[PDB]
Structure formats: C-alpha cells, structure tokens
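A lone chain, given as structure tokens: the form deposited in one PDB entry.
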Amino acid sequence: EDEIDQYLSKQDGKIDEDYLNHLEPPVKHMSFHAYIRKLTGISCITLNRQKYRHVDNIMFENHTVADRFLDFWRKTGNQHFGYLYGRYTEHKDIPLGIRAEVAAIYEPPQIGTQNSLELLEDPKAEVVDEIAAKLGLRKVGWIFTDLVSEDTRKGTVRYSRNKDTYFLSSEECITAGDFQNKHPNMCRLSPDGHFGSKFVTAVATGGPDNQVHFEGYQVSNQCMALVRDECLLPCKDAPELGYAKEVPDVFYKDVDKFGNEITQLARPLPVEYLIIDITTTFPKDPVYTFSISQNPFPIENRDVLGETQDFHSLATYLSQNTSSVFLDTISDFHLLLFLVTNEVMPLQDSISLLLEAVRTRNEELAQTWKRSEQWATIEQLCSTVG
C-alpha cells in the first residue's frame, strides 16, 4: 500500500449519519478512507454518482509550476498537456483526506492544435519516471489546457466549461479513466490487489471571471470499468454526452420534473454521472521542491516556440547563476531530465548522487558532485560557447 495509505489506516478521523455536513465547507464526496470507515460502524448494472473520492485535493506547490506550464498556450494559442509529477500526502482540512502535491509538470511529445490534442508516444517516458522516482516523485495525474481568447484587449478567456455545458468532455472522461486504469491504486478489499486510481485530471480553462482557473477531476470507478472493456464511446456533436455500445447493458438514474427516480438507456450518457470533482489549491505557504530561477532553464519539448534545451541554453543558464548556491541552480526537474537524457554528454551513469542531493536538499552533497569529473567536462563544454 502507498505510504499515505499505511498512515491513514492508523489515524482517527472524528472530532455515521450526519457526518457529511460538519467538517465543512460543502464537500461533494467522502474521502476514500472515510467512506471505508463509514462502512465499519467491478468488471463487465447501472450508473450511480459515486459518493467517495480517491483524491480530495490537488495542490500545486507554487504558482510558478502552473504559470510556466501555461506559457506554451500563451505563446502559441495551441492546447497543451503535461503529466503532474509529485507525491501523495494528507489533506488536513478533511479527515482521512488524500492530497496530491504537484512538484513539476512534465511536457511530453504531443501535437497541440487550437481545438485538438494528440498524445504521441514518449520514447523517454520510462526513464523520466526513473528520474522522478529518485527525486521522491511519481505521476499523480495529467493536466491539459482548453483556453480560447475572448477579449483580446482585456486579455481574457472564454468561460466555456460551466454549468450549462460540461466540465469534462466524454472524450476526456474516457481518456481520464484509461489513465486511471493504467495507474491503479493498491488496496486489499478488491478481487485483484487494486481498487480505483489516484490519477487525477487537471483542466486549465476560463472561469466565470474570464481569467484562467484550474479545476480537478477524477472519473468514477464505474467509468473506469466501461472504458477498460471499451464499452464507452464519446459523441460527435455534443461534448457533454457519452454513449454505451452493443456486449453489456448499462444506464443511469436521472430525476424528472415532478421529482421521482428514473432510469433510461445510456444513449447518450450525460457526462455528469461519470465525473468526480476534486478541489484545486494554491497554498498560502508555498512549497519549493525545485528552485525558482528568475530566468529558468527551458522546459522540454518546446521546439514549436523556439525554446530549446541544449548546451547553449545550459551555458547561458549556468553563467547567470555563478553566484547562486549550486544546489539551487541544479534543483530543477527540467534541467535534470536534460542533464540525464541529452545526446551529447548524458549523465545517466553518475546521476544518482546528485538526484539524492536535490531530493534531500543537501548542499554539501551537491557541492561534492559539482567536483565530479563528468560535471567538470560539462563545464569545459559550456565554456566553449560564445
């Protein structure tokens, strides 16, 4: 079981009927452990809205992690996506609540259009997890963008994802659940060794003020199943509607206009039944796993806008930080991927020590690594840039 789970099992969560309405603000779903305890005193029927959440809060470590992700869309107008790398911790506002801390957003190979997004295969996918594991990190979810300008004088964006439309398209529900399937969460009471997923979906769109806001979703554990056996399709005309194919028979329970229980063929399936709302947070005490440079090293895969990771930008970057503490200079997830996977002087052989120095924020350890032979020749290479 995950480190957070071994801990939440060992912690009291009180202060079974009126529980849902005391530890307020208004919570939409019970936390996974509490709904577990609210019961101690899944393959291919029907679709009911899920009363529990595997993750209760998504928290970006600081505004900069999210800001820099968004520059891709600002500079291009193209939708962009990334993977959330980080860790799972306790959400102390909610008893037994699970928090997803986002330390870094990794931007993999993709094709972004104004109205479309394609997820190419990442030849570095595996090695990036390997680097991320050694930095105390794992994928906690994915984030994608859906920003369209509205007022080009104000600099604002359409509030297109709202109560009268959708929050998640059916296409993104199927994608979300797929991701949840490939990132299962580990628990005993499930006939496989795993129940659910802790993989979250972040959405950058216009909010009601036509500024950018960040919203968090997971998809129901039922929804997980229908896509796992490919029983769920999206709809061409309307983003708010799924569709069940024909293989088993499912449907949902609405309520009509004199207020009684109902049941109708999922033809279509209103996305609202599949969606699990997670709250989204920027903390007042910000967190700096990675360092914030005034002039950061470039984010990866930014060909299409003329930001490139190469030994010219590293020469530049390194020369702007001669007076900076070396650990602060090097504590950057995107620098580190480049340092490990570049095709000129890769450092995959002698990384471990440095990545340990970044993960534990150890200065003396990083300083000795700066005296490594492979860093000296890295510096010999940079100094030949003019």
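Counting begins at 1, following the sequence as shown. Between two forms, the rigid core is defined as the largest C-alpha subset superposing within 1.5 Å.
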| query | finding |
| --- | --- |
| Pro26-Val27 interval: deposited residues absent from the model | none |
| Between the two ranges 215 to 223 and 127 to 135, the one averaging a larger CA B factor in the entry | 215 to 223 |
| Residue range whose averaged C-alpha B-factor is higher in the record, 225 to 233 or 247 to 255 | 247 to 255 |
| Candidate set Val344, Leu339, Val358, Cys44 [ranked by C-alpha B-factor, highest] | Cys44 |
| Most elevated Cα B-factor in the entry, residues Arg153, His194, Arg158, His183 | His194 |
| Where the record places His312 (Cα B-factor, split into thirds across the chain) | lowest |
| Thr322 CA temperature factor, ranked by third within the chain | middle |
| Chain-wide C-alpha B factor ranking for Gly177, given as lowest, middle or highest third | middle |
| CA B-factor placement of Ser190, once the chain's modelled residues are sorted into thirds | highest |
| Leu120, C-alpha B-factor rank within chain (lowest, middle or highest third) | middle |
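Beyond what is shown, the protein has a form deposited in another entry; the following relates to that form.
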| property | result |
| --- | --- |
| Core-superposed comparison between the shown form and the other one: the option from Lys284, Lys257, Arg153, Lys163 whose CA moves 2 angstroms or more | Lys257 |
| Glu373 C-alpha shift between the shown form and the other one of 2 Å or more, rigid core reference | no |
| After fitting the core, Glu364 CA displacement of 2 Å or more between the shown form and the other one | no |
| Cα-Cα trend for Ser9 and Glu24, given that in that other deposited form the distance shifts by 3 Å or more | farther |
